[PDB]
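Per chain, numbering begins at 1; letters A, B, ... match sequence-line order. Hydrogens, waters and symmetry mates play no part in the numbers below; they use all other heavy atoms, side chains included.
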2 protein chains.
Amino acid sequence: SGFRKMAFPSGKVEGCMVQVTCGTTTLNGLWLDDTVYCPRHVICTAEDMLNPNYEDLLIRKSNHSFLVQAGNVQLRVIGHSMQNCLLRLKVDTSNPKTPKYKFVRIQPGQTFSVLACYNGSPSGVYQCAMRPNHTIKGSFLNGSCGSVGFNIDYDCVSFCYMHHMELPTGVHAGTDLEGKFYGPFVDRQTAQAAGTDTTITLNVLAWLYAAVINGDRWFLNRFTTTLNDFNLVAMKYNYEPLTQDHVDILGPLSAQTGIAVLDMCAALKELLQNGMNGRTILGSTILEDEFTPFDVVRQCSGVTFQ
Amino acid sequence: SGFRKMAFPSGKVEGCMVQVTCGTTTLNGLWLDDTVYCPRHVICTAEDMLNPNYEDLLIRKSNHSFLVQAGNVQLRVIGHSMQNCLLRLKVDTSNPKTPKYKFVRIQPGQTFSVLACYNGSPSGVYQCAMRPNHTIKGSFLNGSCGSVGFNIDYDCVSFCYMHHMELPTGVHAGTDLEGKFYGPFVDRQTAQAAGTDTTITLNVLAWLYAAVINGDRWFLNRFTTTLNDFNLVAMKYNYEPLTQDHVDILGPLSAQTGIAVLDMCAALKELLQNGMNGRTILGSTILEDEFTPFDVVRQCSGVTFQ
Ligand SMILES: O=C(Cn1nnc2ccccc21)N(Cc1ccsc1)c1ccc(-c2cn[nH]c2)cc1
Ligand SMILES: O=C(Cn1nnc2ccccc21)N(Cc1ccsc1)c1ccc(-c2cn[nH]c2)cc1
């Protein structure tokens, strides 16, 4: 029993973090096989960031412009290229700790584990959702750039995020491991800001199912709803519209609890309209949206507490 | 910026988890040097748990009664002893991945990282406070026994918890790595229950300081309080009394923010009396108590956003 914001074990990623220095600038890189990946802003001075031309800043660098430090060990850079907003450094040594891995672009509303790192040394691990507005509510200080996000499935690490930026509201922006930004953001100084955000409806429903699996039904009701009637309420409360695809995804949690998805929607409508009346669900006074249906099945018992 | 329930990176602990089997019963052990530590209830059948005599159950076992599996590899057991509620198995092989480590008994209100494990395989990591009633609000299923808690400081792992039990309220109980239970709990079937709990006052104050370091002052006021006047309010709201020792511990956070500890107490009193009036602090609608003053200094900027 219990329900916690649980991260994946971080060992397989720890063995891949290095430090990358170009001139005065140090940040984190990810060392897989004989490649190191890091944010391309490592090549900029503070003043370069106002209006950088990366193509023109990079052609002025050699391989030996880059220092890569793996723990105590200097890795020799023997090649470099830019891929979107990442630099790829080829080094003289294959990482003996390279895990089984893939690069994936996660979708909005999906979750991942962040390994915050400074100076190539891992400092902490926590779980993040990709918000609908393509930001994450992370915890990052200066020096954290090149920290990665990931998911693990049967000893394969799916890398999905590299940290580039803190926006003016204190939320975080970065790239997939092909160096494409999540959201409309750019690695230069602009008036860019987090767009308006929404509550991840599918995740709230998964988390209500979690509460029932763990033995709590106080918030259920004798009502049902159409998808249309639910969505009129969702819009009022700045919830993402529910789609048939989202109903289909909730099929296994619905089956394990015997609560029809639209019967759970009727419960959520009533909670949005009436509040929680001083009660909690899984310890929370608020409706939680940072757990996916996959996260609930991973962490909850396969046997409902009936 | 940001503020997250952050766990330590779990790699150094992952390399120590093994599986321990005695008959039908499998659970997790911790492999350091040539010793494996696990809950002594591994030697019990389900029916043994009603009234076990561990001394009498253990003398009936040989070394070869115990199977220890480190990944793919069988470790041969060559010795065994009981230490309080732990078994210590000596094995034929020293763990090549043994980190620098110590065994520590944490105090109530202190935090640690839990590596949930099943069948010797790590599944997840999250941060826990030791509640005043000596329980943790974990997330554990059947098979999780022998999962450990820890803190890391400069590459030294301080192990402080081993998981033994889920209480009837769904909260968790275990031992230090000398096998002494936290709290009044026992590794046998009784009417035992979590005692009443309290809010960890020192941690709430640390977390208000965190909010100011990250740039928020909405909840401050022009009032001060005596320790006595604060504690009359604390008792009304089921908060731990504040002591002079707790005021002294908050000295560095008070210095970094320029807010006197008793001026912060006056702010907390006002929040307890009046509520938050629909506002948040660091994203929360409630007063958070699972971050220590050490956790705040670890995660927050050393420069206040003034
Ligand atoms: O946001 C950042 C870097 N960053 N990421 N996470 C942070 C958490 C706290 C503080 C700073 C943090 N920026 C701002 C910028 C400006 C144009 S795009 C993004 C940033 C600031 C300075 C540099 C820099 C490059 N060379 N020297 C300094 C890079 C990124
Ligand atoms: O609580 C447990 C074991 N445990 N720990 N975390 C749990 C999370 C979910 C389910 C069970 C969990 N107990 C109960 C008991 C009974 C007397 S003291 C503690 C437990 C239940 C069964 C065994 C057992 C021993 N041999 N075979 C079964 C051990 C502990």
ask   = Quick one: what part of B/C128 sits under 4.5 Å from any heavy atom of chain A, side chain, backbone, both or neither?
value = both
request  = Look at B/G283, B/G2, B/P9 and state which one has the largest set of heavy-atom pairs under 4.5 Å with chain A.
outcome  = B/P9
request  = Using non-hydrogen atoms and a 4.5 Å limit, figure out which bit of A/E14 sits close to chain B: side chain, backbone, both or neither.
outcome  = side chain
request  = For B/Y126, enumerate each residue passing the ring pair (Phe, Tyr, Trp, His ring centres under 6.0 Å) test, keeping only those at least two apart in sequence or located in another chain.
outcome  = none
ask   = Should we count CG of B/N274 as having more than 12 external heavy atoms under 6.0 Å?
value = yes
inquiry  = Would you say that more than 12 heavy atoms from the other residues, nucleotides or ligands in this model lie under 6.0 Å from the CG of A/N238, or not?
reply    = yes
query = How far does OG of A/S121 sit from CG of B/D155, to the nearest 0.5 angstrom?
reply = 7.5 Å
query = Is the CD atom of A/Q306 crowded by more than 12 outside heavy atoms at less than 6.0 Å?
reply = no
CZ/B/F294: more than 12 non-hydrogen atoms of other groups inside 6.0 Å = no
note = Rounding to 0.5 Å, atoms OG (B/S139) and CG (A/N214) come to a distance of 7.5 Å
ask   = Are the side chain of B/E166 and the backbone of A/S1 linked by a donor-acceptor contact shorter than 3.5 Å?
value = yes
ask   = With respect to chain A, which residue among B/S123, B/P122, B/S113 yields the maximal number of heavy-atom pairs within a distance under 4.5 Å?
value = B/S123
task = Identify which part of A/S301 has an atom lying under 4.5 Å from any heavy atom of chain B, answering side chain, backbone, both or neither.
result = both
key: Pairing of B/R4 and A/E290 as salt bridge, 4.0 angstrom limit   = yes
